[PDB]
Number of protein chains: 6
Amino acid sequence: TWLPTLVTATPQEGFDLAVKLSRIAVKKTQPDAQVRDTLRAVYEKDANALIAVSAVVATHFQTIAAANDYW
Amino acid sequence: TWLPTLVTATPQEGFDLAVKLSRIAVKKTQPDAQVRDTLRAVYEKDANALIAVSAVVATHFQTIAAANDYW
Amino acid sequence: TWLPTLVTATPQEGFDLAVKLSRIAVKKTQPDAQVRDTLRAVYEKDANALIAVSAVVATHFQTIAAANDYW
Amino acid sequence: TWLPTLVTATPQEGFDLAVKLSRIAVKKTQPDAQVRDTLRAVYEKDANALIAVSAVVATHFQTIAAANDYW
Amino acid sequence: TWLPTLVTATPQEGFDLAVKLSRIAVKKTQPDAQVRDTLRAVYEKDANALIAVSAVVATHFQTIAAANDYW
Amino acid sequence: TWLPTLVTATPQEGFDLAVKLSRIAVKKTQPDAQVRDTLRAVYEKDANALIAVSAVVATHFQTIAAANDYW
Ligand code: HEM
Ligand code: HEM
Ligand code: HEM
Ligand code: HEM
Ligand code: HEM
Ligand code: HEM
């Protein structure tokens, strides 16, 4: 039971839930934590990757903001 | 009959379905399970590929979440 | 008369309609079926392309799910 | 006056308008019809370009479809 | 006071507002007009860039169409 | 407490918040402000990077605009 609800007390908590939702898709499709570390070293310093990341969390934040009727 | 409903009990199973839906699209377009195996070996270790992947499911989760009235 | 309605009997039929809607954009912008075959040989085996494909059908499935009030 | 309304009789004409809308954006940004011809020759034979293209129209179709109350 | 409202008299005016909204994000993140000119010379003739542009304005047009209850 | 509310007085401040939200995502993922400086130097002069950037904020603006009932 990792995703109980989308209901979030503050908009802030929603954005962290949004970052969370983004990473869990990743952890599911690549559960090998050893390779998840090796790729981190790569994208953490890649501009386009980091923009692309914000893109994902943007989509999710849209879903959870609506879940909270925009707090 | 693989996609009976968008209704899901919890957000967790909303996210799992979102993931499945993401996958069935590639399965329909590229049915040769063998080549699917070849490319798995390429994207599972790609950073940009994994973030892209997270995005697709983020769009899908957005649909089902709405379909469940956000739990 | 290729696109009569977005109304779909089952969620499943909506996803196939979504895959359809994705390909018709392609067929319109590149009606030369000869080059559509040559490009198929290329993207059918490209991981990023295949993710990108799921992305498109994801957007469309969002539109048709809503059209069916999520079945 | 090129974009009078988003109202469209059928979904088919919804998709055609979606396509047009996609195109008018590139036409506005790059008005030199000649170079537009040069690049046409490059993307019409690009796979990733065609899928990208399908995506833009998928976003647009999403807007008008909503504007037509989904027919 | 550059962005007073999203309310637009005609759908057409909404698309121009959408193109506007797209460029202002750019002007904010890169206010040096000298480098904005140098990059223009580059993307104005890049197919994928020009598709990518239409993608942005597509998202925005979705937001402003809704703002106008689709005119 | 950095994200107190999505409510914004004007669309202008809607767009500014949208931009901020876009940035906080990269700040959370990559907190080492120093490397953030290094990559700034790379994307601020990239065309595809700037359009990508505009897209993220276009998604975000879509969320808050909805949260403000479009002003
Ligand atoms: C917009 C995203 C796209 C989606 C969702 C999509 C989906 C599909 C699907 C589901 C099939 C059937 C595969 C099978 O059952 O064997 C297919 C086949 C095919 N697609 Fe795509 N496609 C997309 C883009 C493209 C593009 C850009 C091209 C090239 C211009 C293309 C060319 C083809 C061709 C030629 C086939 C028939 C392949 C064969 O002979 O087996 N498609 N596509
Ligand atoms: C829409 C984006 C995609 C998502 C969300 C996704 C998700 C997943 C997940 C959750 C798994 C299970 C991983 C595990 O339990 O270790 C998986 C495995 C797999 N995927 Fe993807 N995938 C995507 C795209 C693709 C593509 C483009 C391909 C290649 C054609 C592909 C081929 C495979 C294969 C063959 C496996 C089984 C791998 C193994 O043997 O461990 N997937 N995927
Ligand atoms: C966000 C997506 C963008 C859109 C929708 C967009 C749209 C437009 C449009 C419609 C024009 C007017 C073209 C004309 O009438 O001649 C234009 C011009 C221009 N754009 Fe973009 N643009 C985008 C991104 C960018 C970026 C990333 C840059 C570089 C930082 C840029 C720099 C310029 C410049 C310098 C001009 C004036 C070009 C000239 O001197 O004719 N734009 N853009
Ligand atoms: C937003 C994504 C786009 C869509 C949906 C789109 C769609 C289309 C369609 C449906 C056609 C008619 C094809 C035919 O009847 O054979 C076409 C042709 C054309 N497009 Fe695109 N296009 C897009 C982007 C672009 C871009 C970026 C350029 C280059 C600046 C471009 C330049 C052209 C030109 C010059 C033609 C006429 C080609 C010919 O002479 O056959 N389009 N496009
Ligand atoms: C889906 C988009 C993603 C988002 C929003 C995201 C976000 C984050 C955030 C906020 C952190 C914490 C950073 C810190 O506080 O130091 C983090 C760390 C990390 N991420 Fe990502 N991430 C994404 C994709 C990925 C991918 C694709 C991978 C590789 C498979 C990955 C691997 C890691 C690892 C290993 C860490 C821990 C790094 C460390 O040891 O400091 N993430 N991520
Ligand atoms: C989500 C997309 C992004 C948006 C909307 C965005 C927006 C902005 C804006 C509006 C500024 C102020 C520019 C000025 O006043 O001259 C800025 C500056 C800056 N950005 Fe971004 N940014 C994005 C992504 C990133 C990324 C990926 C990085 C690198 C990790 C980054 C690092 C920086 C840094 C270090 C500055 C300060 C630059 C300076 O000293 O002038 N941003 N950004």
Side-chain angles (χ1 to χ4, degrees), chain A residues 29 48-49 52 55-56, chain B residues 19-60, chain C residues 15-62, chain D residues 15 18-19 22-23 26 39-61, chain E residues 46-55 58, chain F residues 48 51-52 55:
Chain A
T29 65
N48 296 162
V56 179
Chain B
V19 182
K20 173 187 176 181
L21 286 194
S22 304
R23 296 189 62 189
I24 109 92
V26 134
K27 188 157 162 196
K28 295 212 158 163
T29 84
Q30 177 51 281
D32 179 355
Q34 174 216 128
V35 329
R36 287 215 302 271
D37 278 306
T38 308
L39 313 183
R40 165 54 192 181
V42 184
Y43 92 87
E44 71 175 317
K45 63 187 64 165
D46 189 328
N48 297 165
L50 287 178
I51 289 152
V53 159
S54 184
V56 176
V57 346
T59 301
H60 268 307
Chain C
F15 197 89
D16 300 303
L17 178 53
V19 180
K20 177 172 175 183
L21 283 194
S22 299
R23 302 185 52 177
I24 113 93
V26 172
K27 194 172 177 168
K28 284 196 168 161
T29 65
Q30 182 49 279
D32 183 341
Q34 188 199 124
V35 335
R36 289 205 310 290
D37 278 316
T38 298
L39 303 192
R40 165 63 175 187
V42 171
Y43 90 92
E44 99 199 294
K45 73 189 64 173
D46 181 312
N48 296 162
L50 277 181
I51 297 177
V53 163
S54 196
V56 179
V57 7
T59 303
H60 278 297
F61 191 64
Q62 194 163 272
Chain D
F15 197 92
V19 182
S22 304
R23 296 189 62 189
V26 134
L39 313 183
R40 165 54 192 181
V42 184
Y43 92 87
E44 71 175 317
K45 63 187 64 165
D46 189 328
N48 297 165
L50 286 178
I51 289 152
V53 159
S54 184
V56 176
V57 346
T59 301
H60 268 307
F61 186 69
Chain E
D46 181 312
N48 296 162
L50 277 181
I51 297 177
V53 163
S54 196
Chain F
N48 297 165
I51 289 152

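Chain identifiers are assigned alphabetically (A, B, ...) following the order of the sequence lines, protein sequences preceding nucleic acid strands; residue numbering begins at 1 within each chain.
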Taking distance alone, no hydrogens or angles, what donor-acceptor pairs closer than 3.5 Å link side-chain atoms of residues 47-57 of chain D to residues at least two apart or in another chain?
from: D:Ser54; atom 1: OG; to: C:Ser22; atom 2: O; distance (Å): 2.8

What residues form a side-chain hydrogen bond (donor to acceptor under 3.5 Å, both in side chains) with [X], not counting sequence neighbours?
{"X": "C:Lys27", "value": "none"}
{"X": "B:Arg23", "value": "none"}
{"X": "B:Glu44", "value": "B:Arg40"}

Problem - Minimal non-hydrogen separation, B:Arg36 against B:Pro31, with atom names - result: NH1-O, 3.1 Å
Euclidean distance, [Y] [atom2] relative to [X] [atom1], rounded to 0.5 Å:
{"X": "B:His60", "Y": "B:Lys20", "atom1": "NE2", "atom2": "NZ", "result": "12.0 Å"}
{"X": "D:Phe61", "Y": "C:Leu21", "atom1": "CZ", "atom2": "CG", "result": "5.5 Å"}
{"X": "A:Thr29", "Y": "B:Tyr43", "atom1": "OG1", "atom2": "OH", "result": "5.5 Å"}

Completion exercise
Hits for salt bridge (charged side-chain N to carboxylate O under 4.0 Å, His left out) against C:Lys28, two or more places apart or cross-chain, chain-then-number order -> D:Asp16
Handout entry: Sequence-distant partners of B:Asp32, side-chain contact (heavy atoms from CB on, under 4.5 Å), two or more places apart
Key = B:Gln30, B:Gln34, B:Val35
